[PDB]
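The chain below stands alone and is given in structure tokens; this is the form deposited in one PDB entry.
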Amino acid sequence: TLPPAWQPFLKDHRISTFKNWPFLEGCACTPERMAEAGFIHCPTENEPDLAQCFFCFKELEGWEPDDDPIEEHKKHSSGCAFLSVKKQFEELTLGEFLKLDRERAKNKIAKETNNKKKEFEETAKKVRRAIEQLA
């Protein structure tokens, strides 16, 4: 069908990600509205409401029933190129798409690099504290 590492790109798959999810009809941040904004529901015990943009990888929790998924997304990751995509997926050119997929994988990389940095830095304090205690 569609390459199973490219479905986050189409709304239906994004909706289909919403398994539990509170907030439905009556609320502004429905599945449909989350998915139109780029969100994927990636739930856990510690937080069963966490949403992630498939494109920029921003993770946002603490959803309020009247949060606008789009505004919520602009006012937390102004960078996201997905916000700029104003064409349907089928209406995308292979270039446009391949361009978008380039920036995506990059984001995936920058996100993983920002993470490695922090873990490193945290390790560096514990080592430094320890050798300090020895002082």
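Residues that one form lacks are left out of the comparison. Numbers for residues come from their place in the sequence shown, where the first is 1. Superpose the two forms; the largest set of C-alphas matching within 1.5 Å is the rigid core.
From this point on, the text means the form deposited in another entry, which you will not see here.
If you fit the rigid core between the shown form and the other one, you'll see the Cα of residue 19 move by less than 2 angstroms. If you fit the rigid core between the shown form and the other one, you'll see the Cα of residue 122 move by 2 angstroms or more. Moving regions between the shown form and the other one, defined as 3+ consecutive residues each with a CA shift of at least 2 Å after core superposition, come down to one: 117 to 135.
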